[PDB]
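Only one chain is included here, represented as structure tokens and corresponding to the form deposited in one PDB entry.
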């Protein structure tokens, strides 16, 4: 937790997310080019609301210790408490979204299911802490090596109240609506079960291999008609999901995997599977394939 700004050497931008950025830096306190490369998240507009959210995000990440969750290393700030920065381990292959698109000819279904199982175990761990991730997507999953992925960003993550199994929240700005459960679109309710709905969309993403015209936004915009503007998009999306319109089975996806997706996409919040059942089903399919 003891990083001093004078010793962080900027190398390049790695990502520009909900509104902050992640940079590759070398932490080199001895100024001899032996320090380690780390990933550094900062806010791009340090309002007090975004800053309190960022402090809570930092506390959430520091409290998580799991093989499939990116490692907290520390914090760094300038004089006062301003320009707060989160220091994390650098993962060399980048986001799963980009990795999968780049290496799709070398990544088979058994490997996708290995990633799926690691994401499920990460999410189950979050749930044991009563955290709701709210932004599960392959762009927020990072690749440490070809056999290990990690949930890599927690900017929207909330803690459940102790008396309730959901958290109601609507932030100004724009929301990844094409990953959202219907009750998150209509009532702004987020829960473990809405994370399960999004997990279904992640599984869809993996099995499309991030083909550009097959993305959830592309498919949903086609299904509702590309005329829709602004708020009409969300309205028509809600109505589409209410009539059980769903993303199609991806090319080459086995029906057993598509059935996992469609069970995650249950309109009835209480009938969606748990992350532990998802991991068991995925691991049984993996074992059958091997």
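Positions refer to the first chain, counted from 1. Only residues modelled in both forms are compared. Think of the rigid core as the biggest set of C-alphas that the two forms share within 1.5 Å after superposition.
The same protein also exists as the form deposited in another entry; that form is not shown, yet it is the one meant from here on.
Visitor: If the two forms are fitted on the core, does residue 164 show a Cα displacement reaching 2 angstroms between this form and the one not shown?
Guide: Superposed on the core, residue 164 moves its C-alpha less than 2 Å between this form and the one not shown.
Visitor: Align on the rigid core first; then say whether the Cα of residue 186 has moved by at least 2 Å between this form and the one not shown.
Guide: Shift of 2 Å or more: no.
Visitor: Superposing on the rigid core, do we see a C-alpha displacement of 2 Å or more at residue 92 between this form and the one not shown?
Guide: No.
Visitor: Between residue 264 and residue 172, do the C-alpha atoms lie closer or farther in that other deposited form than in the shown form, with a difference of 3 angstroms or more?
Guide: Closer: residue 264 and residue 172 approach by 3 Å or more in that other deposited form.
Visitor: I want to verify one pair: residue 172 and residue 184. Are their C-alpha atoms nearer or more distant in that other deposited form compared with the form I supplied, knowing the change is 3 Å or more?
Guide: Distance between the C-alphas of residue 172 and residue 184: shorter in that other deposited form, by 3 Å or more.
Visitor: Report the moving segments between this form and the one not shown: consecutive residues, 3 or more per run, each with a CA shift of 2 Å or more after superposition on the core, given in sequence order.
Guide: Runs moving 2 Å or more: 80-83, 170-174.
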